[PDB]
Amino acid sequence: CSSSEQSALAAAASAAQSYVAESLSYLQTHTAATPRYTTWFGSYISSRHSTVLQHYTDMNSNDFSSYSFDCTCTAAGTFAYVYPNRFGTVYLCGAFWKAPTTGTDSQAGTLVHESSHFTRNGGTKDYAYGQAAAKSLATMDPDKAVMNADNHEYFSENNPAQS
């Protein structure tokens, strides 16, 4: 990673840390159905809420700015990826650099997505990609929604806002 890329990652890491902190606080204080929760995680029920609450509790504990970043990947369509059992290392690809720091499909949101994938943080899977698929997963299969990385990213980004 170049100096500029490291600078960009410092901004993205900070924003991702804030996304996770706010999302965790939101989950801790809302123990009933709300538009933001149901849209990304489906019908509210204690067990599922507990699952997502735990994911954000784990991600909140890790220092995003201390992750080991790798910028060798040049694949244009890919934002980033990680190996679940190789905690703390995040590989950035082409799309990551085109994405805005915050917002929809952002750098910060991408880090939240990847962070949730680490086994240490809960090991979310990729059952659905994109907002359309994520929302459909939440409505049709909540069990997998609370285990889908993109559903966490979109809940955190919260753009447009709902809460």
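We number the residues from 1 along the sequence you see.
Read off the CA B-factors in the entry, average them over 31-39 and over 55-63, and name the higher stretch.
Mean C-alpha B-factor is greater for 31-39.
Selected stretch [higher average CA B-factor]: 135-143 or 14-22:
Comparing 135-143 with 14-22, the higher average CA B-factor belongs to 135-143.
So among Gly122, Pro100, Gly94, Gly130, who wins on Cα B-factor in the entry?
Answer, based on the entry's C-alpha B-factors: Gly130.
Once the chain's modelled residues are ordered by C-alpha B factor and cut into thirds, is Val90 in the lowest, middle or highest one?
Its C-alpha B-factor belongs to the lowest third of this chain's values.
Third of the chain's Cα B-factor distribution that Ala76 belongs to, per the entry
It belongs to the middle third of the chain when residues are ordered by C-alpha B-factor.
Relative to the other modelled residues in the chain, which third contains the C-alpha temperature factor of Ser115: lowest, middle or highest?
It belongs to the lowest third of the chain when residues are ordered by C-alpha B-factor.
Within this chain's modelled residues, let me know which third the CA B factor of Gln107 belongs to: lowest, middle or highest.
According to the entry, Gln107 has a C-alpha B-factor in the chain's lowest third.
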